[PDB]
Each structure stands twice: as C-alpha cells, then as structure tokens.
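Peer 1: I am sharing coords11.cif, which consists of mmCIF, N, CA and C atoms and all ligand atoms:
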```
data_work
loop_
_atom_site.label_atom_id
_atom_site.label_comp_id
_atom_site.auth_asym_id
_atom_site.auth_seq_id
_atom_site.Cartn_x
_atom_site.Cartn_y
_atom_site.Cartn_z
N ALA B 1 -22.19 8.34 -35.34
CA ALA B 1 -21.11 9.00 -36.11
C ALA B 1 -19.81 9.09 -35.29
N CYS B 2 -18.73 9.60 -35.89
CA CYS B 2 -17.50 9.91 -35.11
C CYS B 2 -17.63 11.42 -34.78
N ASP B 3 -18.42 11.59 -33.71
CA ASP B 3 -18.79 12.88 -33.15
C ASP B 3 -17.63 13.54 -32.41
N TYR B 4 -16.84 12.72 -31.71
CA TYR B 4 -15.66 13.18 -30.98
C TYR B 4 -14.47 12.35 -31.39
N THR B 5 -13.35 13.02 -31.61
CA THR B 5 -12.10 12.38 -32.00
C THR B 5 -11.12 12.68 -30.93
N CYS B 6 -10.80 11.64 -30.19
CA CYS B 6 -9.87 11.63 -29.10
C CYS B 6 -8.60 10.89 -29.56
N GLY B 7 -7.70 11.68 -30.16
CA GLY B 7 -6.47 11.17 -30.77
C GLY B 7 -6.82 10.34 -32.04
N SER B 8 -6.79 9.05 -31.81
CA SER B 8 -7.10 8.07 -32.83
C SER B 8 -8.43 7.32 -32.54
N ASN B 9 -9.14 7.69 -31.44
CA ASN B 9 -10.39 7.07 -31.00
C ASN B 9 -11.53 7.91 -31.45
N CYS B 10 -12.60 7.23 -31.84
CA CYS B 10 -13.78 7.87 -32.31
C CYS B 10 -14.89 7.51 -31.46
N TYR B 11 -15.65 8.51 -31.05
CA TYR B 11 -16.83 8.31 -30.21
C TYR B 11 -18.04 8.95 -30.79
N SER B 12 -19.15 8.22 -30.61
CA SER B 12 -20.46 8.67 -31.00
C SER B 12 -21.00 9.37 -29.78
N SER B 13 -22.06 10.14 -30.00
CA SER B 13 -22.79 10.85 -28.97
C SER B 13 -23.40 9.88 -27.98
N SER B 14 -23.82 8.68 -28.46
CA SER B 14 -24.36 7.59 -27.64
C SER B 14 -23.28 7.00 -26.76
N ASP B 15 -22.00 6.91 -27.24
CA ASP B 15 -20.84 6.38 -26.45
C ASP B 15 -20.56 7.29 -25.25
N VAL B 16 -20.65 8.60 -25.55
CA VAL B 16 -20.44 9.72 -24.62
C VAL B 16 -21.55 9.80 -23.52
N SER B 17 -22.79 9.54 -23.95
CA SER B 17 -23.98 9.52 -23.06
C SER B 17 -24.03 8.38 -22.11
N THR B 18 -23.57 7.20 -22.57
CA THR B 18 -23.54 5.96 -21.78
C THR B 18 -22.44 6.03 -20.76
N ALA B 19 -21.30 6.63 -21.17
CA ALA B 19 -20.15 6.78 -20.29
C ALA B 19 -20.49 7.80 -19.17
N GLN B 20 -21.14 8.91 -19.56
CA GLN B 20 -21.56 10.02 -18.68
C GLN B 20 -22.59 9.60 -17.65
N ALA B 21 -23.55 8.77 -18.10
CA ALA B 21 -24.61 8.25 -17.29
C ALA B 21 -24.10 7.34 -16.18
N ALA B 22 -23.03 6.60 -16.51
CA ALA B 22 -22.38 5.67 -15.58
C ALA B 22 -21.54 6.36 -14.48
N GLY B 23 -20.89 7.46 -14.88
CA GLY B 23 -20.08 8.29 -14.00
C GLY B 23 -20.89 9.10 -13.05
N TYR B 24 -21.96 9.67 -13.58
CA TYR B 24 -22.90 10.45 -12.80
C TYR B 24 -23.61 9.70 -11.71
N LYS B 25 -24.04 8.48 -12.04
CA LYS B 25 -24.73 7.53 -11.16
C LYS B 25 -23.89 7.23 -9.96
N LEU B 26 -22.59 7.04 -10.21
CA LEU B 26 -21.59 6.76 -9.20
C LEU B 26 -21.26 7.97 -8.38
N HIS B 27 -21.36 9.14 -9.00
CA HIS B 27 -21.13 10.40 -8.34
C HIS B 27 -22.24 10.72 -7.33
N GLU B 28 -23.45 10.46 -7.79
CA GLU B 28 -24.62 10.68 -7.02
C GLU B 28 -24.87 9.61 -5.90
N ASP B 29 -24.27 8.41 -6.04
CA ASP B 29 -24.38 7.31 -5.03
C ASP B 29 -23.27 7.35 -3.95
N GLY B 30 -22.38 8.33 -4.16
CA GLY B 30 -21.20 8.59 -3.35
C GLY B 30 -20.07 7.59 -3.51
N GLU B 31 -20.18 6.66 -4.48
CA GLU B 31 -19.22 5.58 -4.75
C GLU B 31 -18.22 5.93 -5.83
N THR B 32 -17.06 5.30 -5.67
CA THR B 32 -15.95 5.40 -6.62
C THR B 32 -15.32 4.06 -7.02
N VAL B 33 -14.75 4.01 -8.22
CA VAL B 33 -14.08 2.79 -8.72
C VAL B 33 -12.67 3.09 -9.23
N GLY B 34 -11.78 2.11 -9.10
CA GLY B 34 -10.40 2.29 -9.56
C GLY B 34 -9.42 2.84 -8.57
N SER B 35 -8.14 2.80 -8.93
CA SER B 35 -7.03 3.31 -8.15
C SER B 35 -7.07 4.77 -8.00
N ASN B 36 -7.50 5.45 -9.06
CA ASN B 36 -7.63 6.89 -9.09
C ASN B 36 -8.95 7.46 -8.63
N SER B 37 -9.78 6.58 -8.07
CA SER B 37 -11.10 6.86 -7.51
C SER B 37 -12.06 7.62 -8.42
N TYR B 38 -12.50 6.94 -9.47
CA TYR B 38 -13.36 7.52 -10.45
C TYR B 38 -14.84 7.41 -10.09
N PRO B 39 -15.64 8.48 -10.26
CA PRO B 39 -15.40 9.85 -10.77
C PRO B 39 -14.77 10.76 -9.74
N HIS B 40 -13.81 11.53 -10.21
CA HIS B 40 -13.18 12.52 -9.36
C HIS B 40 -13.25 13.91 -9.96
N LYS B 41 -12.79 14.93 -9.22
CA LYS B 41 -12.77 16.33 -9.68
C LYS B 41 -11.79 16.58 -10.79
N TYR B 42 -12.29 17.28 -11.79
CA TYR B 42 -11.50 17.74 -12.89
C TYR B 42 -11.42 19.21 -12.51
N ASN B 43 -10.18 19.63 -12.45
CA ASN B 43 -9.87 20.96 -12.01
C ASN B 43 -9.85 22.05 -13.04
N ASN B 44 -9.81 21.70 -14.33
CA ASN B 44 -9.68 22.65 -15.43
C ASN B 44 -8.44 23.55 -15.44
N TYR B 45 -7.27 22.98 -15.11
CA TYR B 45 -5.97 23.71 -15.13
C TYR B 45 -5.59 24.12 -16.53
N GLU B 46 -6.20 23.44 -17.51
CA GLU B 46 -6.00 23.72 -18.92
C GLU B 46 -6.74 24.94 -19.34
N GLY B 47 -7.82 25.19 -18.62
CA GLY B 47 -8.64 26.37 -18.82
C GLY B 47 -9.48 26.34 -20.05
N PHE B 48 -10.16 25.21 -20.24
CA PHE B 48 -11.11 25.02 -21.36
C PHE B 48 -12.36 25.86 -21.12
N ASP B 49 -12.95 26.32 -22.22
CA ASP B 49 -14.17 27.11 -22.18
C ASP B 49 -15.40 26.23 -22.27
N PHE B 50 -15.62 25.59 -21.16
CA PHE B 50 -16.79 24.77 -20.92
C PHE B 50 -17.98 25.74 -20.63
N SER B 51 -19.06 25.52 -21.39
CA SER B 51 -20.32 26.28 -21.34
C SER B 51 -21.08 26.15 -20.04
N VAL B 52 -20.97 24.97 -19.44
CA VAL B 52 -21.67 24.65 -18.21
C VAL B 52 -20.80 24.97 -17.01
N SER B 53 -21.44 24.99 -15.84
CA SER B 53 -20.73 25.37 -14.64
C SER B 53 -20.05 24.28 -13.86
N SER B 54 -18.98 24.73 -13.21
CA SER B 54 -18.09 24.05 -12.26
C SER B 54 -18.90 23.64 -10.92
N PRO B 55 -18.48 22.61 -10.09
CA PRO B 55 -17.35 21.67 -10.16
C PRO B 55 -17.66 20.61 -11.23
N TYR B 56 -16.57 20.39 -11.93
CA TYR B 56 -16.43 19.43 -13.01
C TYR B 56 -15.86 18.15 -12.46
N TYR B 57 -16.34 17.02 -13.01
CA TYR B 57 -15.90 15.66 -12.62
C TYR B 57 -15.53 14.87 -13.85
N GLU B 58 -14.43 14.16 -13.78
CA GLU B 58 -13.94 13.36 -14.92
C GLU B 58 -14.20 11.89 -14.75
N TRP B 59 -14.54 11.22 -15.84
CA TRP B 59 -14.82 9.79 -15.84
C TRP B 59 -14.22 9.17 -17.15
N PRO B 60 -13.49 8.01 -17.09
CA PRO B 60 -12.94 7.40 -18.31
C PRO B 60 -13.98 6.83 -19.23
N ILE B 61 -13.77 7.17 -20.48
CA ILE B 61 -14.56 6.62 -21.58
C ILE B 61 -13.57 5.63 -22.33
N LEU B 62 -14.06 4.42 -22.58
CA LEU B 62 -13.26 3.32 -23.21
C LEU B 62 -13.59 3.15 -24.63
N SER B 63 -12.53 3.14 -25.44
CA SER B 63 -12.61 2.99 -26.90
C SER B 63 -13.27 1.72 -27.45
N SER B 64 -13.31 0.71 -26.58
CA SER B 64 -13.92 -0.57 -26.79
C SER B 64 -15.43 -0.54 -26.71
N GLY B 65 -16.01 0.43 -25.99
CA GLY B 65 -17.46 0.47 -25.82
C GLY B 65 -17.83 -0.05 -24.47
N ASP B 66 -16.86 -0.57 -23.76
CA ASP B 66 -17.10 -1.01 -22.41
C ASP B 66 -17.20 0.23 -21.55
N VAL B 67 -18.02 0.09 -20.53
CA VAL B 67 -18.18 1.13 -19.55
C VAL B 67 -17.13 0.82 -18.48
N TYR B 68 -16.43 1.86 -18.03
CA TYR B 68 -15.38 1.79 -16.99
C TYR B 68 -15.88 1.19 -15.67
N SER B 69 -15.12 0.22 -15.19
CA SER B 69 -15.43 -0.54 -14.00
C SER B 69 -14.31 -0.68 -13.00
N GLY B 70 -13.34 0.19 -13.10
CA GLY B 70 -12.25 0.12 -12.16
C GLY B 70 -10.90 -0.33 -12.67
N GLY B 71 -10.79 -0.62 -13.98
CA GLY B 71 -9.55 -1.11 -14.55
C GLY B 71 -8.62 -0.01 -14.99
N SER B 72 -7.81 -0.24 -16.03
CA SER B 72 -6.89 0.74 -16.62
C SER B 72 -7.73 1.91 -17.30
N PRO B 73 -7.59 3.20 -16.80
CA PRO B 73 -8.36 4.32 -17.36
C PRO B 73 -8.21 4.71 -18.76
N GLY B 74 -6.99 4.59 -19.27
CA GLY B 74 -6.75 5.05 -20.64
C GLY B 74 -6.62 6.57 -20.64
N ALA B 75 -6.57 7.09 -21.86
CA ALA B 75 -6.37 8.49 -22.17
C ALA B 75 -7.54 9.43 -22.23
N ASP B 76 -8.73 8.87 -22.34
CA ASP B 76 -9.91 9.66 -22.65
C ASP B 76 -10.85 9.78 -21.52
N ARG B 77 -11.48 10.94 -21.41
CA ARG B 77 -12.42 11.21 -20.29
C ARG B 77 -13.59 11.98 -20.72
N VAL B 78 -14.68 11.69 -20.07
CA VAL B 78 -15.90 12.46 -20.18
C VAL B 78 -15.90 13.38 -18.91
N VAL B 79 -16.24 14.63 -19.13
CA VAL B 79 -16.30 15.67 -18.11
C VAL B 79 -17.72 16.16 -18.00
N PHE B 80 -18.27 15.98 -16.81
CA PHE B 80 -19.63 16.43 -16.51
C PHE B 80 -19.66 17.28 -15.24
N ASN B 81 -20.81 17.90 -15.00
CA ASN B 81 -20.98 18.69 -13.80
C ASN B 81 -21.96 18.07 -12.83
N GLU B 82 -22.27 18.87 -11.80
CA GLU B 82 -23.16 18.46 -10.75
C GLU B 82 -24.63 18.24 -11.17
N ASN B 83 -25.02 18.90 -12.27
CA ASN B 83 -26.39 18.82 -12.88
C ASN B 83 -26.50 17.83 -14.06
N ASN B 84 -25.41 17.03 -14.24
CA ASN B 84 -25.20 16.00 -15.29
C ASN B 84 -25.19 16.67 -16.64
N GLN B 85 -24.60 17.84 -16.70
CA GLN B 85 -24.47 18.50 -17.97
C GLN B 85 -23.11 18.10 -18.50
N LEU B 86 -22.97 17.86 -19.81
CA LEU B 86 -21.71 17.49 -20.38
C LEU B 86 -20.97 18.78 -20.63
N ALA B 87 -19.77 18.86 -20.07
CA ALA B 87 -18.88 20.00 -20.27
C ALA B 87 -18.04 19.77 -21.51
N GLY B 88 -17.49 18.54 -21.64
CA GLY B 88 -16.64 18.13 -22.77
C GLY B 88 -16.05 16.72 -22.69
N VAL B 89 -15.44 16.34 -23.81
CA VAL B 89 -14.75 15.04 -23.96
C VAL B 89 -13.32 15.46 -24.21
N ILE B 90 -12.45 14.97 -23.32
CA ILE B 90 -11.03 15.33 -23.36
C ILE B 90 -10.12 14.11 -23.46
N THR B 91 -8.89 14.35 -23.87
CA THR B 91 -7.92 13.32 -24.01
C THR B 91 -6.49 13.76 -23.69
N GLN B 92 -5.70 12.83 -23.11
CA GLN B 92 -4.26 13.01 -22.90
C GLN B 92 -3.43 12.75 -24.19
N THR B 93 -4.04 12.13 -25.19
CA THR B 93 -3.40 11.88 -26.49
C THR B 93 -3.34 13.19 -27.29
N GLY B 94 -2.10 13.53 -27.60
CA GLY B 94 -1.81 14.71 -28.36
C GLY B 94 -1.39 15.88 -27.50
N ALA B 95 -1.46 15.70 -26.17
CA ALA B 95 -1.04 16.68 -25.17
C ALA B 95 0.28 16.13 -24.57
N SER B 96 1.12 17.05 -24.09
CA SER B 96 2.43 16.73 -23.47
C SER B 96 2.24 16.58 -21.93
N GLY B 97 3.14 15.82 -21.28
CA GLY B 97 3.10 15.61 -19.84
C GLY B 97 1.84 14.88 -19.44
N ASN B 98 1.19 15.41 -18.42
CA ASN B 98 -0.06 14.89 -17.94
C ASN B 98 -1.26 15.80 -18.33
N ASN B 99 -1.08 16.62 -19.37
CA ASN B 99 -2.13 17.55 -19.84
C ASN B 99 -3.16 16.91 -20.68
N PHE B 100 -4.25 17.64 -20.91
CA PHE B 100 -5.34 17.23 -21.77
C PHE B 100 -5.53 18.23 -22.85
N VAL B 101 -6.09 17.74 -23.94
CA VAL B 101 -6.55 18.52 -25.08
C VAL B 101 -8.02 18.11 -25.20
N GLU B 102 -8.79 18.90 -25.91
CA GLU B 102 -10.20 18.59 -26.14
C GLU B 102 -10.33 17.67 -27.30
N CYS B 103 -11.30 16.78 -27.24
CA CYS B 103 -11.58 15.91 -28.37
C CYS B 103 -12.42 16.70 -29.36
N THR B 104 -12.02 16.68 -30.61
CA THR B 104 -12.75 17.43 -31.68
C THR B 104 -13.91 16.66 -32.33
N1 LIG R 201 -4.09 17.76 -16.66
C1 LIG R 201 -4.97 17.86 -15.65
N2 LIG R 201 -5.16 16.88 -14.87
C2 LIG R 201 -6.14 16.91 -13.89
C3 LIG R 201 -6.99 17.87 -13.61
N3 LIG R 201 -7.82 17.53 -12.55
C4 LIG R 201 -7.45 16.35 -12.22
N4 LIG R 201 -6.42 15.92 -13.00
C5 LIG R 201 -5.80 14.61 -12.77
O1 LIG R 201 -4.52 14.77 -12.25
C6 LIG R 201 -3.49 14.08 -13.06
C7 LIG R 201 -2.40 15.03 -13.35
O2 LIG R 201 -1.65 14.69 -12.20
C8 LIG R 201 -4.00 13.73 -14.51
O3 LIG R 201 -3.50 12.55 -15.18
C9 LIG R 201 -5.49 13.66 -14.04
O4 LIG R 201 -6.07 12.41 -13.53
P1 LIG R 201 -6.74 11.35 -14.33
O5 LIG R 201 -5.51 10.66 -14.74
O6 LIG R 201 -7.36 10.54 -13.36
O7 LIG R 201 -7.42 12.00 -15.47
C10 LIG R 201 -6.82 18.92 -14.47
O8 LIG R 201 -7.53 19.87 -14.64
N5 LIG R 201 -5.84 18.91 -15.44
#
```
Rewrite the coordinates I just gave you, this time as structure tokens.
Ligand SMILES: Nc1nc2c(ncn2[C@@H]2O[C@H](CO)[C@@H](O)[C@H]2OP(=O)(O)O)c(=O)[nH]1
Peer 2:
Amino acid sequence: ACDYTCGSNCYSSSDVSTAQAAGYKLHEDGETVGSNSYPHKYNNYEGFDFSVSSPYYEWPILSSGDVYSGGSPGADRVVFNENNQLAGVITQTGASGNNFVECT
C-alpha cells in the first residue's frame, strides 16, 4: 500500500523495511556510504515524538525501489535506532530550509 507519503513519494511498509535493513546492517558493520556518510546520526532538532529510544540514525530511502548505495540521497529518510526499531519515515519535501517533516 501507500503506507507512507513523503511529499509526492509513496512507500509501502516493505519499502521501509528493506531500506531500514540495509542501513542497520551498515551501522552494525561500522561501514558508511556516500559523501554524507550514511548511516549517520539523526539529531531530532525537529523534536518528533518518536516512540522508540535515541540515538537515532538516518538512512536514505529511494523512490525508485533501489536501495541506497552511495549516490544522490534525495529527500526521504528512514530513521531507526540502535535496536533496529523504526522511529519514523521523514522527508525534506514540504519543509523549509534543511528541515524535515514526517511522512504521513
Ligand atoms: N533538519 C535536520 N537535519 C539533521 C538532523 N540530524 C542530522 N541532520 C542532517 O544535517 C543536515 C542539516 O544540515 C540535513 O540536511 C541532514 O542531513 P542529511 O542531509 O544527510 O539528512 C536533524 O535532526 N535535523
């Protein structure tokens, strides 16, 4: 289904799980990909009410269905924690500056 709506992008729960699984694996192997060194810390400056606990890590989710491998990140991110719990799916689309809004 279109479980999450990130601006004009639609993600299924399976899209979110595959993206999360890939970010976590890299987090746990101590490796990073891309210019922005993904997965990195998501600081929660927006102050979202994530049910799960901090430190939070952000990883790009691609609208194409491709899993992120170091290229252009895009607007959308999966946010997970240290226990691989999903905190949320966020996007820079619809937010001003370099801020994020939550995907609905
Ligand atoms: N808006 C925002 N950006 C964060 C936070 N933690 C890390 N960032 C990263 O810092 C940049 C803002 O300078 C954002 O584009 C973002 O990187 P990503 O682009 O890699 O998502 C945070 O909580 N809030």
Peer 1: When you look at residue B:72 with a cut-off of 8 Å (counting all atoms listed in the file), what residues show up, excluding the ones that are within fewer than 3 positions of it in the same chain? I need them as a list in words.
Peer 2: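 Everything that qualifies: residues 34, 35, 60, 68, 69 and 75 of chain B.
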Peer 1: Given the selection you just returned, output its residues as a file containing N, CA and C atoms, formatted as a tab-separated table (two decimals), in the frame of the given file.
Peer 2:
```tsv
chain	number	residue	atom	x	y	z
B	34	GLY	N	-11.78	2.11	-9.10
B	34	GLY	CA	-10.40	2.29	-9.56
B	34	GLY	C	-9.42	2.84	-8.57
B	35	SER	N	-8.14	2.80	-8.93
B	35	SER	CA	-7.03	3.31	-8.15
B	35	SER	C	-7.07	4.77	-8.00
B	60	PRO	N	-13.49	8.01	-17.09
B	60	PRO	CA	-12.94	7.40	-18.31
B	60	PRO	C	-13.98	6.83	-19.23
B	68	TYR	N	-16.43	1.86	-18.03
B	68	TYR	CA	-15.38	1.79	-16.99
B	68	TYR	C	-15.88	1.19	-15.67
B	69	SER	N	-15.12	0.22	-15.19
B	69	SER	CA	-15.43	-0.54	-14.00
B	69	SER	C	-14.31	-0.68	-13.00
B	75	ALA	N	-6.57	7.09	-21.86
B	75	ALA	CA	-6.37	8.49	-22.17
B	75	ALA	C	-7.54	9.43	-22.23
```
Peer 1: Can you list every residue of chain B that has an atom at most 6 Å from ligand LIG 201 (chain R), with its nearest atom pair and the distance in Å to one decimal, using only C-alpha atoms and all ligand atoms, ordered by chain then number, as JSON lines?
Peer 2:
```
{"residue": "B:36", "atom": "CA", "partner": "R:LIG201", "partner_atom": "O6", "distance": 5.6}
{"residue": "B:41", "atom": "CA", "partner": "R:LIG201", "partner_atom": "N3", "distance": 5.8}
{"residue": "B:42", "atom": "CA", "partner": "R:LIG201", "partner_atom": "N3", "distance": 3.7}
{"residue": "B:43", "atom": "CA", "partner": "R:LIG201", "partner_atom": "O8", "distance": 3.7}
{"residue": "B:44", "atom": "CA", "partner": "R:LIG201", "partner_atom": "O8", "distance": 3.6}
{"residue": "B:45", "atom": "CA", "partner": "R:LIG201", "partner_atom": "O8", "distance": 4.2}
{"residue": "B:46", "atom": "CA", "partner": "R:LIG201", "partner_atom": "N5", "distance": 5.9}
{"residue": "B:98", "atom": "CA", "partner": "R:LIG201", "partner_atom": "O3", "distance": 5.0}
{"residue": "B:99", "atom": "CA", "partner": "R:LIG201", "partner_atom": "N1", "distance": 3.7}
{"residue": "B:100", "atom": "CA", "partner": "R:LIG201", "partner_atom": "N1", "distance": 5.3}
```
Peer 1: Counting all atoms listed in the file, what is within 6 Å of stretch 17-24 of chain B, bar same-chain residues fewer than 5 positions away, as a PyMOL selection string?
Peer 2: chain B and resi 29+39+59+61
Peer 1: Once DSSP has gone over the backbone, tell me which residues of chain B are in helix (DSSP H, G or I), as a PyMOL selection string.
Peer 2: chain B and resi 13-28
Peer 1: Restricting the output to N, CA and C atoms, write the selected residues as a short mmCIF file (atom, residue, chain, number, x, y, z; two decimals), in the coordinates of the input.
Peer 2:
```
data_model
loop_
_atom_site.label_atom_id
_atom_site.label_comp_id
_atom_site.auth_asym_id
_atom_site.auth_seq_id
_atom_site.Cartn_x
_atom_site.Cartn_y
_atom_site.Cartn_z
N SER B 13 -22.06 10.14 -30.00
CA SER B 13 -22.79 10.85 -28.97
C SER B 13 -23.40 9.88 -27.98
N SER B 14 -23.82 8.68 -28.46
CA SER B 14 -24.36 7.59 -27.64
C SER B 14 -23.28 7.00 -26.76
N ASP B 15 -22.00 6.91 -27.24
CA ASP B 15 -20.84 6.38 -26.45
C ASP B 15 -20.56 7.29 -25.25
N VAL B 16 -20.65 8.60 -25.55
CA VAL B 16 -20.44 9.72 -24.62
C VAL B 16 -21.55 9.80 -23.52
N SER B 17 -22.79 9.54 -23.95
CA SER B 17 -23.98 9.52 -23.06
C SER B 17 -24.03 8.38 -22.11
N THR B 18 -23.57 7.20 -22.57
CA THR B 18 -23.54 5.96 -21.78
C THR B 18 -22.44 6.03 -20.76
N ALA B 19 -21.30 6.63 -21.17
CA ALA B 19 -20.15 6.78 -20.29
C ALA B 19 -20.49 7.80 -19.17
N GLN B 20 -21.14 8.91 -19.56
CA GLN B 20 -21.56 10.02 -18.68
C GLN B 20 -22.59 9.60 -17.65
N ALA B 21 -23.55 8.77 -18.10
CA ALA B 21 -24.61 8.25 -17.29
C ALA B 21 -24.10 7.34 -16.18
N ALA B 22 -23.03 6.60 -16.51
CA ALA B 22 -22.38 5.67 -15.58
C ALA B 22 -21.54 6.36 -14.48
N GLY B 23 -20.89 7.46 -14.88
CA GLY B 23 -20.08 8.29 -14.00
C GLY B 23 -20.89 9.10 -13.05
N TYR B 24 -21.96 9.67 -13.58
CA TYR B 24 -22.90 10.45 -12.80
C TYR B 24 -23.61 9.70 -11.71
N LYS B 25 -24.04 8.48 -12.04
CA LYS B 25 -24.73 7.53 -11.16
C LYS B 25 -23.89 7.23 -9.96
N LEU B 26 -22.59 7.04 -10.21
CA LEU B 26 -21.59 6.76 -9.20
C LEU B 26 -21.26 7.97 -8.38
N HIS B 27 -21.36 9.14 -9.00
CA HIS B 27 -21.13 10.40 -8.34
C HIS B 27 -22.24 10.72 -7.33
N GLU B 28 -23.45 10.46 -7.79
CA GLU B 28 -24.62 10.68 -7.02
C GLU B 28 -24.87 9.61 -5.90
#
```
Peer 1: Please identify which residues in chain B DSSP calls strand (DSSP E or B) from the backbone, and express them as number ranges by chain.
Peer 2: B: 4-6, 9-11, 33, 38, 40-42, 56-61, 67, 76-81, 86-91, 101-102
Peer 1: Once you have the residues from the selection above, write them out as an mmCIF file, in the frame of the given file, restricted to N, CA and C atoms.
Peer 2:
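For reference, out14.cif as written:
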```
data_model
loop_
_atom_site.group_PDB
_atom_site.id
_atom_site.type_symbol
_atom_site.label_atom_id
_atom_site.label_comp_id
_atom_site.auth_asym_id
_atom_site.auth_seq_id
_atom_site.Cartn_x
_atom_site.Cartn_y
_atom_site.Cartn_z
ATOM 1 N N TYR B 4 -16.840 12.720 -31.710
ATOM 2 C CA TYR B 4 -15.660 13.180 -30.980
ATOM 3 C C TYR B 4 -14.470 12.350 -31.390
ATOM 4 N N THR B 5 -13.350 13.020 -31.610
ATOM 5 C CA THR B 5 -12.100 12.380 -32.000
ATOM 6 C C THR B 5 -11.120 12.680 -30.930
ATOM 7 N N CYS B 6 -10.800 11.640 -30.190
ATOM 8 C CA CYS B 6 -9.870 11.630 -29.100
ATOM 9 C C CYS B 6 -8.600 10.890 -29.560
ATOM 10 N N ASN B 9 -9.140 7.690 -31.440
ATOM 11 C CA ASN B 9 -10.390 7.070 -31.000
ATOM 12 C C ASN B 9 -11.530 7.910 -31.450
ATOM 13 N N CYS B 10 -12.600 7.230 -31.840
ATOM 14 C CA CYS B 10 -13.780 7.870 -32.310
ATOM 15 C C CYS B 10 -14.890 7.510 -31.460
ATOM 16 N N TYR B 11 -15.650 8.510 -31.050
ATOM 17 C CA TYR B 11 -16.830 8.310 -30.210
ATOM 18 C C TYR B 11 -18.040 8.950 -30.790
ATOM 19 N N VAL B 33 -14.750 4.010 -8.220
ATOM 20 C CA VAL B 33 -14.080 2.790 -8.720
ATOM 21 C C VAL B 33 -12.670 3.090 -9.230
ATOM 22 N N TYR B 38 -12.500 6.940 -9.470
ATOM 23 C CA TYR B 38 -13.360 7.520 -10.450
ATOM 24 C C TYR B 38 -14.840 7.410 -10.090
ATOM 25 N N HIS B 40 -13.810 11.530 -10.210
ATOM 26 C CA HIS B 40 -13.180 12.520 -9.360
ATOM 27 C C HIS B 40 -13.250 13.910 -9.960
ATOM 28 N N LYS B 41 -12.790 14.930 -9.220
ATOM 29 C CA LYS B 41 -12.770 16.330 -9.680
ATOM 30 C C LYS B 41 -11.790 16.580 -10.790
ATOM 31 N N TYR B 42 -12.290 17.280 -11.790
ATOM 32 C CA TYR B 42 -11.500 17.740 -12.890
ATOM 33 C C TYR B 42 -11.420 19.210 -12.510
ATOM 34 N N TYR B 56 -16.570 20.390 -11.930
ATOM 35 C CA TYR B 56 -16.430 19.430 -13.010
ATOM 36 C C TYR B 56 -15.860 18.150 -12.460
ATOM 37 N N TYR B 57 -16.340 17.020 -13.010
ATOM 38 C CA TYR B 57 -15.900 15.660 -12.620
ATOM 39 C C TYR B 57 -15.530 14.870 -13.850
ATOM 40 N N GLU B 58 -14.430 14.160 -13.780
ATOM 41 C CA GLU B 58 -13.940 13.360 -14.920
ATOM 42 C C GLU B 58 -14.200 11.890 -14.750
ATOM 43 N N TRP B 59 -14.540 11.220 -15.840
ATOM 44 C CA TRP B 59 -14.820 9.790 -15.840
ATOM 45 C C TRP B 59 -14.220 9.170 -17.150
ATOM 46 N N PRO B 60 -13.490 8.010 -17.090
ATOM 47 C CA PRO B 60 -12.940 7.400 -18.310
ATOM 48 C C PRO B 60 -13.980 6.830 -19.230
ATOM 49 N N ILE B 61 -13.770 7.170 -20.480
ATOM 50 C CA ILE B 61 -14.560 6.620 -21.580
ATOM 51 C C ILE B 61 -13.570 5.630 -22.330
ATOM 52 N N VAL B 67 -18.020 0.090 -20.530
ATOM 53 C CA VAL B 67 -18.180 1.130 -19.550
ATOM 54 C C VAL B 67 -17.130 0.820 -18.480
ATOM 55 N N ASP B 76 -8.730 8.870 -22.340
ATOM 56 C CA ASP B 76 -9.910 9.660 -22.650
ATOM 57 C C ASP B 76 -10.850 9.780 -21.520
ATOM 58 N N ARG B 77 -11.480 10.940 -21.410
ATOM 59 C CA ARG B 77 -12.420 11.210 -20.290
ATOM 60 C C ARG B 77 -13.590 11.980 -20.720
ATOM 61 N N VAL B 78 -14.680 11.690 -20.070
ATOM 62 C CA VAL B 78 -15.900 12.460 -20.180
ATOM 63 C C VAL B 78 -15.900 13.380 -18.910
ATOM 64 N N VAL B 79 -16.240 14.630 -19.130
ATOM 65 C CA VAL B 79 -16.300 15.670 -18.110
ATOM 66 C C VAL B 79 -17.720 16.160 -18.000
ATOM 67 N N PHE B 80 -18.270 15.980 -16.810
ATOM 68 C CA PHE B 80 -19.630 16.430 -16.510
ATOM 69 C C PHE B 80 -19.660 17.280 -15.240
ATOM 70 N N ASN B 81 -20.810 17.900 -15.000
ATOM 71 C CA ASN B 81 -20.980 18.690 -13.800
ATOM 72 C C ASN B 81 -21.960 18.070 -12.830
ATOM 73 N N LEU B 86 -22.970 17.860 -19.810
ATOM 74 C CA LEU B 86 -21.710 17.490 -20.380
ATOM 75 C C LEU B 86 -20.970 18.780 -20.630
ATOM 76 N N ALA B 87 -19.770 18.860 -20.070
ATOM 77 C CA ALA B 87 -18.880 20.000 -20.270
ATOM 78 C C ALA B 87 -18.040 19.770 -21.510
ATOM 79 N N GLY B 88 -17.490 18.540 -21.640
ATOM 80 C CA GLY B 88 -16.640 18.130 -22.770
ATOM 81 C C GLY B 88 -16.050 16.720 -22.690
ATOM 82 N N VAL B 89 -15.440 16.340 -23.810
ATOM 83 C CA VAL B 89 -14.750 15.040 -23.960
ATOM 84 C C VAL B 89 -13.320 15.460 -24.210
ATOM 85 N N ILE B 90 -12.450 14.970 -23.320
ATOM 86 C CA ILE B 90 -11.030 15.330 -23.360
ATOM 87 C C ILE B 90 -10.120 14.110 -23.460
ATOM 88 N N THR B 91 -8.890 14.350 -23.870
ATOM 89 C CA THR B 91 -7.920 13.320 -24.010
ATOM 90 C C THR B 91 -6.490 13.760 -23.690
ATOM 91 N N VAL B 101 -6.090 17.740 -23.940
ATOM 92 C CA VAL B 101 -6.550 18.520 -25.080
ATOM 93 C C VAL B 101 -8.020 18.110 -25.200
ATOM 94 N N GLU B 102 -8.790 18.900 -25.910
ATOM 95 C CA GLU B 102 -10.200 18.590 -26.140
ATOM 96 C C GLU B 102 -10.330 17.670 -27.300
#
```
Peer 1: Counting only C-alpha atoms, which of B:91, B:86, B:97, B:16 gets nearest to residue B:74?
Peer 2: B:91
Peer 1: May I ask which of the residues B:104, B:9, B:81, B:96 is the closest one to residue B:56, counting all atoms listed in the file?
Peer 2: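 Comparing B:104, B:9, B:81, B:96 against residue B:56, the winner is B:81.
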Peer 1: With all atoms listed in the file as the counted atoms, please give the residues lying no more than 8 Å from residue B:54, apart from itself and same-chain residues fewer than 6 positions off, as a list in words.
Peer 2: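 Everything that qualifies: residues 80, 81, 82 and 83 of chain B.
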Peer 1: Which protein, DNA or RNA residues have an atom at most 8 Å from (-19.9, 20.7, -24.7), counting only C-alpha atoms? List them as a list in words.
Peer 2: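 Returned residue set, sorted by chain then number, is residues 50, 51, 52, 86, 87, 88 and 89 of chain B.
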Peer 1: Work out how far apart atom CA of residue B:78 and atom CA of residue B:58 are and give it in Å to one decimal.
Peer 2: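 Value for the atom CA of residue B:78-atom CA of residue B:58 distance: 5.7 Å.
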